[PDB]
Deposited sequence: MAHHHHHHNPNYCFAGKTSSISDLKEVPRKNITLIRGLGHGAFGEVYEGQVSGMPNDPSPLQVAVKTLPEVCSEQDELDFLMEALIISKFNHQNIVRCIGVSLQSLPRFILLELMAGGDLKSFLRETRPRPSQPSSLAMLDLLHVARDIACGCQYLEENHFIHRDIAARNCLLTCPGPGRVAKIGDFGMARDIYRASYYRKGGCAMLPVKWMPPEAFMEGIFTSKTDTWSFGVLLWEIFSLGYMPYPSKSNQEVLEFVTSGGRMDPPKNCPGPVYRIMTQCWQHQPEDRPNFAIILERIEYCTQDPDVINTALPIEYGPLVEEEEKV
């Protein structure tokens, strides 16, 4: 058993809440997570079940055990809860809070305002998603945990509807810490992909890119640019333009997050202050989002 330390405490696989396999029942697949499936399931309690391929290397497994350890020790409303694990049967299961809304990136793409659904999403919705994740980022920051891949694809939503809550839901990056084309360089600050240096200011840069993902309604960052072109571009002082219709106050948060010097980039308390100010600002939240035909 590997060790894990967080918030002043070491824990071990023994600390994971084993749920007996007989209590768990798979319902439907939900998606392929590169390595292994995720199911909807019941334990009645509804769950997403992250599975470990029965055929996998020893590292695949440690990664898996490690991810459970990480997610279980977090306690916050914008970080996905772990109901427990089922390690004592194959395939091994990690049991998570079922997030009906699915991942944030898919959500933004499929629920973009449309001619048929002209107002499926408003500025205030995105502002609320942003605040949610930044609040989870605040929680990580003040516990000295560096996520390393804050991006829309690693965020989930409780429900499709307006009372939706965004949480951070994947931690397989801070877990692995692969190759160049694997690293998410489009979400990375310059010192991270140049020097391998990670601090809390890493997540601030990444959060700016996520902010861009959110307000563009789910686009790939630096549109039309490859990883290497981004690397040179970002390294030369280039930054993304505002997404379609983005309010200037919101774009300003992004650019503040994309400061070359990490010590010049805000901490998440400041970012929250600024997002709160945007939600209060009628010129921001009255701004209509683009309808794609």
| item | value |
| --- | --- |
| Missing residue ranges, deposited sequence indexing starting at 1 | 1-8, 52-59, 194-201, 318-327 |
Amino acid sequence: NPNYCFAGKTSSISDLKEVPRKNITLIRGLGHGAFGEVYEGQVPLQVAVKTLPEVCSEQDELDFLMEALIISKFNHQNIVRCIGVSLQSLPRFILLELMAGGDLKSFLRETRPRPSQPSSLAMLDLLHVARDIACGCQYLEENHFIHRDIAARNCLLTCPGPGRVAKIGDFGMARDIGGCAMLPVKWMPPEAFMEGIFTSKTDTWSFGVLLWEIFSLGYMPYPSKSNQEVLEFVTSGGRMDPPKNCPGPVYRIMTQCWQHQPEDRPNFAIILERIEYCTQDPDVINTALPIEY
From here on, numbers count along this sequence of modelled residues.
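We call the rigid core the largest set of C-alpha positions that still match within 1.5 Å between the two forms.
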{"property": "Divergent stretch in 5 other deposited structures of this protein, 250-258 or 63-71 [C-alpha RMS, superposed by the core]", "result": "63-71"}
{"property": "117-125 against 104-112 - segment lying farther from this form in 5 other deposited structures of this protein (CA RMS, rigid core fit)", "result": "117-125"}
{"property": "Across other compared entries, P160 missing in at least a third", "result": "no"}
{"property": "Unmodelled in at least a third of other entries of this protein, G178", "result": "yes"}
{"property": "Entry-level comparison of average CA B-factors, 160-168 and 131-139, reporting the higher stretch", "result": "160-168"}
{"property": "Stretch exceeding the other in mean C-alpha B-factor - 65-73, 31-39", "result": "31-39"}
{"property": "Top residue by Cα temperature factor, when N227, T255, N245, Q46 are compared in the entry", "result": "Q46"}
{"property": "Most elevated Cα B-factor in the entry, residues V85, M182, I146, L90", "result": "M182"}
{"property": "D60 CA temperature factor, ranked by third within the chain", "result": "highest"}
{"property": "Relative C-alpha B-factor of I197, binned into the chain's lowest, middle or highest third", "result": "highest"}
{"property": "Lowest, middle or highest third - CA B-factor, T111", "result": "highest"}
{"property": "Chain-wide C-alpha B factor ranking for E191, given as lowest, middle or highest third", "result": "middle"}
{"property": "Ranked C-alpha temperature factor of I271 among modelled chain residues, by third", "result": "lowest"}
